[PDB]
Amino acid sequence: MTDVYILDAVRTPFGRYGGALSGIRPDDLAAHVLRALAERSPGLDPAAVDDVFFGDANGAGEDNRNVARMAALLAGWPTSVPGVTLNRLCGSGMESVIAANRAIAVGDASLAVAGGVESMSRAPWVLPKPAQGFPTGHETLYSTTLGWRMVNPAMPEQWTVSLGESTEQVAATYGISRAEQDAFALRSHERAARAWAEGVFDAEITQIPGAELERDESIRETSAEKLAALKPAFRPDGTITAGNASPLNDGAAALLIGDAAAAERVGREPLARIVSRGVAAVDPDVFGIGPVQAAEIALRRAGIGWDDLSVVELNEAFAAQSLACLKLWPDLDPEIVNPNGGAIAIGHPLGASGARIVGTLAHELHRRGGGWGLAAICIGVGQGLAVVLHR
């Protein structure tokens, strides 16, 4: 068993849906963070990368046929660098971290890239082919942007509710009121904006040439009254709104991950050690609390408890979802949960988010001069991933 380190973590600013990165193909987003990784580490010879992992919740569009591999090629890396793309929907970026982590831990790799990428803007349509010639009926052109598509008839209907509907149920079940959601959403915008303004993300940001963003595009100067005025998006009497739900976003993130040997090879002091990982799945209709058990597992494997954490990166698919996770965990000091904001403000380009929050967890642990960090991400269809870092 080999210790595994985040050597570097970088990501584009996240574009909002149809926003500043909506013109950037997802394979180019992935290629770009790879480029950025190589740029950021002159001691990194890309040929030394044993495998490139990219989380990608879609892949039907321009990121098709294994975006990790395409990205390495597009980044100008040697064709000897393998790549694999992983889909654990919303958590795919953290799955790729875990996948790379495992590859190195078992000695299959010394140096790996774990990225995540989503262009939700350029999520294409998918049209099923007819099984017979001259189909007569109207077909559905499925948008891959959001939600279920080409739903299996045998799939229990209660599991195919929208993520927002599921999260409404979770909010109702766990008593996550609209005000707590909006308070959590507001804090996300406040901390994300402050983190950006104070240069907190400078360490982890690569700008797309010609598509620069001063900060994550979904970050707003908003207010409790502004969020309170929004209409519910999933139920007429609902609590989830566009303001306390994550946006749909574009972006990519990539982490350089190696063992101690790779760290010296590349010439980089690890941001943090990947200690442990956890995965959990729940009823799809409460997917937002998917990470609850995953985080418990990761913490236990790391030999620590909630009190040992100095940073929690809990991906904010929805304020309600994040709050429900927090309600199922021991009280965490608010200051440590998404200290620099989260996906409500920063954006949630599915494949990218799980890599981003591990990467920014690592940077944050580096800024704090050490400590235990937990990154946890809920997944659609009811899963959760968690990674424990230690600097």
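Note that residue numbering follows the sequence shown and begins at 1.
Enquirer: Please work out which of 114-122 and 266-274 has the higher mean CA B-factor as recorded in the PDB entry.
Expert: Result of the comparison: 266-274.
Enquirer: Going by the B-factors listed in the PDB entry, is the mean over the C-alpha atoms higher for 352-360 or for 329-337?
Expert: Per the PDB record, 329-337.
Enquirer: Quick one: which of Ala254, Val84, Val279, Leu227 shows the highest Cα temperature factor in the PDB entry?
Expert: Highest C-alpha B-factor among the listed residues goes to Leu227.
Enquirer: Name the one of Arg88, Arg149, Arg178, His189 with the greatest CA B-factor according to the PDB entry.
Expert: Of the candidates given, the C-alpha B-factor peaks at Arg178.
Enquirer: Considering every modelled residue of the chain and its Cα B-factor in the PDB entry, is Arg65 in the lowest, middle or highest third?
Expert: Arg65: CA B-factor falls in the middle third of its chain.
Enquirer: Name the third of the chain's ranked CA B-factors that contains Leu44, choosing lowest, middle or highest.
Expert: Highest third.
Enquirer: Which third, lowest, middle or highest, does the C-alpha temperature factor of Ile297 belong to within its own chain?
Expert: Within its chain, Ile297 is a middle-third residue by C-alpha B-factor, going by the deposited values.
Enquirer: Taking the C-alpha B-factors as the PDB entry records them, is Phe287 in the lowest, middle or highest third of its chain?
Expert: Lowest third of the chain for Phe287's C-alpha B-factor.
Enquirer: Just say lowest, middle or highest third for the CA B-factor of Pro247 relative to the other modelled residues in its chain.
Expert: Ranked within chain, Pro247 CA B lands in the lowest tercile.
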